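K.L.:
Provided herewith: query.txt, compact mmCIF, C-alpha atoms and all ligand atoms.
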# COMPACT_ATOMS: atom_id res chain seq x y z
CA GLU U 32 124.66 113.14 52.03
CA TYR U 33 124.60 109.64 53.53
CA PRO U 34 128.01 107.96 53.02
CA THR U 35 128.09 105.13 50.48
CA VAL U 36 130.19 101.96 50.31
CA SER U 37 132.74 103.30 47.83
CA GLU U 38 133.43 106.33 50.06
CA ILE U 39 134.59 104.33 53.11
CA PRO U 40 137.81 102.26 52.94
CA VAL U 41 137.63 99.11 55.03
CA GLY U 42 138.89 100.07 58.49
CA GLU U 43 137.37 103.57 58.55
CA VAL U 44 134.04 104.56 60.11
CA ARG U 45 131.72 107.47 59.35
CA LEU U 46 129.15 109.01 61.69
CA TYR U 47 125.93 110.48 60.31
CA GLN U 48 123.78 112.79 62.42
CA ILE U 49 120.13 111.83 62.05
CA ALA U 50 118.60 114.01 64.79
CA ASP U 51 119.62 115.68 68.03
CA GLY U 52 121.46 113.01 70.02
CA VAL U 53 120.96 110.29 67.37
CA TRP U 54 123.62 109.13 64.88
CA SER U 55 124.15 106.18 62.62
CA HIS U 56 127.62 104.72 62.20
CA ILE U 57 128.68 103.38 58.79
CA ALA U 58 131.53 100.96 58.14
CA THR U 59 132.58 98.61 55.32
CA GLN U 60 133.79 95.01 55.28
CA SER U 61 134.56 92.21 52.86
CA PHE U 62 132.13 89.31 52.61
CA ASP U 63 132.29 86.52 50.03
CA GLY U 64 134.63 88.44 47.73
CA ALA U 65 132.94 91.88 47.78
CA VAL U 66 132.88 94.86 50.16
CA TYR U 67 129.58 95.95 51.72
CA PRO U 68 128.53 98.91 53.89
CA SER U 69 126.90 98.32 57.28
CA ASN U 70 124.89 100.56 59.64
CA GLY U 71 124.63 100.80 63.39
CA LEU U 72 123.17 103.39 65.79
CA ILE U 73 124.45 105.75 68.48
CA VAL U 74 121.99 107.39 70.89
CA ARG U 75 122.71 109.92 73.61
CA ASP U 76 121.85 108.34 76.97
CA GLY U 77 122.08 111.27 79.36
CA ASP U 78 125.80 111.98 79.79
CA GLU U 79 126.67 108.66 78.10
CA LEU U 80 126.17 106.98 74.73
CA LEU U 81 124.28 103.79 73.94
CA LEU U 82 125.72 101.91 70.97
CA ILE U 83 123.58 99.68 68.77
CA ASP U 84 125.73 97.03 67.01
CA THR U 85 129.45 96.90 66.35
CA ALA U 86 130.99 98.28 63.18
CA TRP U 87 131.53 94.75 61.77
CA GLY U 88 134.92 93.57 63.03
CA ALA U 89 137.51 94.46 65.67
CA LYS U 90 139.46 96.98 63.59
CA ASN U 91 136.33 98.82 62.41
CA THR U 92 134.91 98.83 65.95
CA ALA U 93 138.14 100.38 67.27
CA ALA U 94 137.87 103.07 64.58
CA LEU U 95 134.23 103.57 65.58
CA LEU U 96 135.21 104.28 69.18
CA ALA U 97 137.90 106.72 68.04
CA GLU U 98 135.49 108.61 65.76
CA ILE U 99 132.91 108.84 68.55
CA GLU U 100 135.50 110.25 70.94
CA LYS U 101 136.71 112.74 68.33
CA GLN U 102 133.27 113.88 67.16
CA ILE U 103 130.95 113.48 70.16
CA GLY U 104 133.23 113.19 73.19
CA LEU U 105 130.83 111.27 75.47
CA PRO U 106 131.68 107.78 76.80
CA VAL U 107 130.11 104.75 75.16
CA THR U 108 128.99 102.85 78.24
CA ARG U 109 126.63 100.16 76.89
CA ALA U 110 126.17 98.38 73.57
CA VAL U 111 123.37 96.19 72.23
CA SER U 112 123.88 93.67 69.41
CA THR U 113 120.72 93.08 67.38
CA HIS U 114 121.60 89.49 66.33
CA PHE U 115 124.50 87.05 66.40
CA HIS U 116 126.27 87.70 63.07
CA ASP U 117 129.66 89.40 62.75
CA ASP U 118 128.33 92.74 61.53
CA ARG U 119 126.54 92.92 64.93
CA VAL U 120 128.86 91.22 67.48
CA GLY U 121 132.19 91.32 65.61
CA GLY U 122 134.11 93.81 67.72
CA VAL U 123 132.40 93.00 71.05
CA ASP U 124 135.79 92.01 72.49
CA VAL U 125 137.19 95.44 71.60
CA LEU U 126 134.14 97.15 73.14
CA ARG U 127 134.61 95.09 76.31
CA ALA U 128 138.35 95.90 76.45
CA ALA U 129 137.48 99.60 76.08
CA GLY U 130 135.14 99.54 79.09
CA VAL U 131 131.78 99.11 77.32
CA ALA U 132 129.17 96.83 78.89
CA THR U 133 127.89 94.65 76.05
CA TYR U 134 124.35 93.24 75.84
CA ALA U 135 122.22 90.94 73.70
CA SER U 136 119.27 88.62 74.12
CA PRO U 137 119.84 85.11 75.53
CA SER U 138 119.22 83.62 72.06
CA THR U 139 121.70 85.96 70.39
CA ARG U 140 124.36 85.16 72.98
CA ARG U 141 123.75 81.44 72.47
CA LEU U 142 123.76 81.58 68.66
CA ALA U 143 126.95 83.64 68.77
CA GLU U 144 128.50 80.94 70.96
CA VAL U 145 127.35 78.17 68.60
CA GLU U 146 128.69 80.13 65.63
CA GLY U 147 132.02 80.80 67.34
CA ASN U 148 131.45 84.57 67.22
CA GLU U 149 132.13 87.04 70.02
CA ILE U 150 129.60 86.93 72.86
CA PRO U 151 128.09 90.00 74.58
CA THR U 152 128.49 89.81 78.35
CA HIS U 153 124.95 90.59 79.54
CA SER U 154 121.56 89.08 78.70
CA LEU U 155 118.61 91.28 77.82
CA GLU U 156 115.52 89.97 79.58
CA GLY U 157 111.98 90.37 78.31
CA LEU U 158 112.50 89.74 74.57
CA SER U 159 111.88 86.00 74.18
CA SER U 160 108.52 86.15 72.32
CA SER U 161 107.39 87.80 69.08
CA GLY U 162 105.94 91.22 69.81
CA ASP U 163 107.91 91.66 73.04
CA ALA U 164 109.29 95.14 73.71
CA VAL U 165 111.51 96.49 76.48
CA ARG U 166 112.97 99.84 77.45
CA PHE U 167 116.75 100.26 77.41
CA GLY U 168 117.79 103.80 78.26
CA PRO U 169 116.74 106.17 75.48
CA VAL U 170 115.51 103.42 73.12
CA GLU U 171 112.94 100.66 72.93
CA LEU U 172 114.11 97.17 71.95
CA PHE U 173 111.62 95.08 69.97
CA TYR U 174 111.68 91.41 68.97
CA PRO U 175 109.43 91.14 65.87
CA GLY U 176 109.90 87.41 65.31
CA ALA U 177 112.19 85.47 63.04
CA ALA U 178 113.21 87.21 59.82
CA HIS U 179 116.80 87.77 58.62
CA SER U 180 117.70 85.57 61.61
CA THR U 181 115.64 83.94 64.34
CA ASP U 182 117.01 86.30 67.01
CA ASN U 183 117.00 89.65 65.19
CA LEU U 184 115.89 92.73 67.15
CA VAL U 185 114.92 96.18 65.98
CA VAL U 186 115.38 99.44 67.88
CA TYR U 187 113.21 102.56 68.13
CA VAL U 188 114.29 106.01 69.31
CA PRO U 189 111.05 107.69 70.49
CA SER U 190 112.57 111.19 70.77
CA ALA U 191 113.26 111.25 67.03
CA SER U 192 110.90 108.63 65.53
CA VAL U 193 113.98 106.75 64.34
CA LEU U 194 113.50 103.04 63.61
CA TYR U 195 116.70 100.99 63.31
CA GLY U 196 115.69 97.84 61.46
CA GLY U 197 118.95 95.97 61.36
CA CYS U 198 119.45 93.23 58.82
CA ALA U 199 115.73 92.40 58.81
CA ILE U 200 115.21 95.58 56.72
CA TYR U 201 116.70 95.98 53.23
CA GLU U 202 117.58 99.22 51.54
CA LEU U 203 115.42 100.34 48.62
CA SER U 204 118.14 99.70 46.02
CA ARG U 205 118.57 96.07 47.15
CA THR U 206 116.32 93.92 44.96
CA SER U 207 117.60 90.39 45.69
CA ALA U 208 117.65 88.55 49.01
CA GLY U 209 121.23 87.39 48.52
CA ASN U 210 122.56 85.47 51.50
CA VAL U 211 119.72 84.14 53.67
CA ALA U 212 121.33 81.01 55.12
CA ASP U 213 120.08 81.75 58.66
CA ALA U 214 116.80 83.40 57.66
CA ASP U 215 113.24 82.20 58.23
CA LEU U 216 111.74 83.13 54.87
CA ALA U 217 108.25 81.98 55.88
CA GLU U 218 108.16 84.12 59.03
CA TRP U 219 110.00 87.18 57.66
CA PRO U 220 106.90 88.89 56.14
CA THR U 221 104.93 88.30 59.34
CA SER U 222 107.77 89.73 61.43
CA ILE U 223 107.89 92.83 59.20
CA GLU U 224 104.15 93.24 59.75
CA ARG U 225 104.70 93.33 63.51
CA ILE U 226 107.29 96.08 63.04
CA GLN U 227 104.77 98.04 60.97
CA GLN U 228 102.04 97.49 63.56
CA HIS U 229 104.24 98.53 66.48
CA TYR U 230 106.00 101.61 64.99
CA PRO U 231 103.46 103.11 62.54
CA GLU U 232 104.77 106.66 63.05
CA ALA U 233 108.45 105.91 62.35
CA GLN U 234 109.80 108.74 60.20
CA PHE U 235 113.40 107.54 59.69
CA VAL U 236 114.08 103.86 58.98
CA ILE U 237 117.64 102.53 58.89
CA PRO U 238 118.40 99.20 57.20
CA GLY U 239 121.19 96.94 58.37
CA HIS U 240 123.11 97.81 55.18
CA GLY U 241 122.72 100.83 52.90
CA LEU U 242 120.73 104.04 52.58
CA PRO U 243 118.06 105.02 55.12
CA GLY U 244 114.52 105.65 54.01
CA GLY U 245 111.04 105.59 55.43
CA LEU U 246 108.42 102.98 56.25
CA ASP U 247 108.47 102.11 52.53
CA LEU U 248 111.59 100.04 53.30
CA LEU U 249 109.35 97.57 55.13
CA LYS U 250 107.08 96.72 52.17
CA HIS U 251 110.13 96.78 49.93
CA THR U 252 111.81 94.12 52.07
CA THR U 253 108.69 91.93 52.12
CA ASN U 254 108.54 92.23 48.32
CA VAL U 255 112.16 91.10 47.97
CA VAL U 256 111.73 88.26 50.47
CA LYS U 257 108.49 86.94 48.95
CA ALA U 258 109.97 87.08 45.43
CA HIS U 259 112.79 84.88 46.74
CA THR U 260 110.27 82.35 48.08
CA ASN U 261 108.41 82.12 44.74
CA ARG U 262 111.52 80.87 42.91
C1 LIG U 301 124.24 92.93 52.49
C2 LIG U 301 125.33 92.21 52.62
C3 LIG U 301 125.40 90.81 52.04
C4 LIG U 301 124.96 89.71 53.02
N1 LIG U 301 125.31 90.05 54.40
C5 LIG U 301 126.50 89.90 54.96
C6 LIG U 301 126.38 90.34 56.27
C7 LIG U 301 127.45 90.38 57.35
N2 LIG U 301 125.14 90.72 56.44
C8 LIG U 301 124.49 90.54 55.32
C9 LIG U 301 123.01 90.87 55.18
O1 LIG U 301 122.36 90.65 54.11
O2 LIG U 301 122.44 91.36 56.20
ZN ZN U 302 122.92 88.90 59.89
ZN ZN U 303 123.89 91.95 57.89
Please lay out the structure from this file as structure tokens.

P.N.:
Amino acid sequence: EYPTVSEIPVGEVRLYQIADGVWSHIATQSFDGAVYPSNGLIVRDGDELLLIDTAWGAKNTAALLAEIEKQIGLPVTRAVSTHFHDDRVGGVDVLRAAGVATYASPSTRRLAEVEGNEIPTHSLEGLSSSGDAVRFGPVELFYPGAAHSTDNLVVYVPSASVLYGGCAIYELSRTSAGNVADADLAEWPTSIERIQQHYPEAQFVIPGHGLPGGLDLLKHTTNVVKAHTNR
């Protein structure tokens, strides 16, 4: 079964095999007085691994690398952060010290700098406009437009029809928007629609936090977001 928040002490990381050569990583972290789970992705990239997002902090990200070495045994050589918040770049300095080349879009790198968060080394070109997509090893990177944040990316693994939605996608059980300080509530439903249009055959959809599901997570997130706009 998919690991849940109460099963992972802060500082430990679980790996979950989704398909051949595709894993999610699950960690936990405190935020505003509570502990939350958080998802990232690992994809086999030939003899190497591509990492999508840190495990939300330096300690968790170190545990992530150790679990990968123990369970998979291939080197993590590149990482992509899908926006500038700490559950996505927190741990970049550990990745860099371990030998991982870290990447994000120019906007994400800039917003991380403005926020005082860790900054991926390398800029991803070709993602500056809504609807832009680029290839990056075994995945496609997609910028759907502003949603959870103005810079948020999603990631598709064609070999397995896996869609990693990041924090722009909510889990089914999450019924309130919660913290949306950096969100663009007006654009978020439109951005979700671009994800739907671009990946209509996604069979496994991973939210930024919580249990994976299917394409139903997209309408579910629009429902939550629009309900927040009404009142
Ligand atoms: C779900 C957790 C509560 C709010 N939150 C904190 C962080 C790092 N990320 C989020 C988010 O909503 O994406
Ligand atoms: Zn975020
Ligand atoms: Zn988040």

K.L.:
Could you tell me, counting all atoms listed in the file, which protein and nucleic acid residues lie no more than 10 Å from ligand LIG 301 (chain U), written as a PyMOL selection string?

P.N.:
chain U and resi 59-63+65-69+87-88+116-119+121+179-180+197-202+205+207-212+214+238-241

K.L.:
Hey, what's within 8 Å of range 128-139 of chain U if we count only C-alpha atoms and toss same-chain stuff fewer than 5 positions away? As a list in words, please?

P.N.:
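In the requested format, the answer is residues 107, 108, 109, 110, 111, 112, 113, 114, 115, 123, 151, 152, 153, 154, 155, 156, 158, 159, 182 and 183 of chain U.
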
K.L.:
So which one's closest to ligand ZN 302 (chain U), U:94, U:103, U:57, U:143? Using all atoms listed in the file, please.

P.N.:
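Looking only at the distances to ligand ZN 302 (chain U), the closest residue turns out to be U:143.
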
K.L.:
Near residue 234 in chain U, counting only C-alpha atoms, which residues have an atom at most 10 Å away, once you skip same-chain residues fewer than 4 positions from it, shown as a PyMOL selection string?

P.N.:
chain U and resi 191-194+230+244-246

K.L.:
Quick one: distance from CA of residue 71 in chain U to CA of residue 150 in chain U in Å, one decimal?

P.N.:
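Distance reported for this atom pair: 17.5 Å.
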
K.L.:
State, in Å with one decimal place, the distance from CA of residue 141 in chain U to CA of residue 176 in chain U.

P.N.:
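Pair CA of residue 141 in chain U / CA of residue 176 in chain U returns 16.7 Å.
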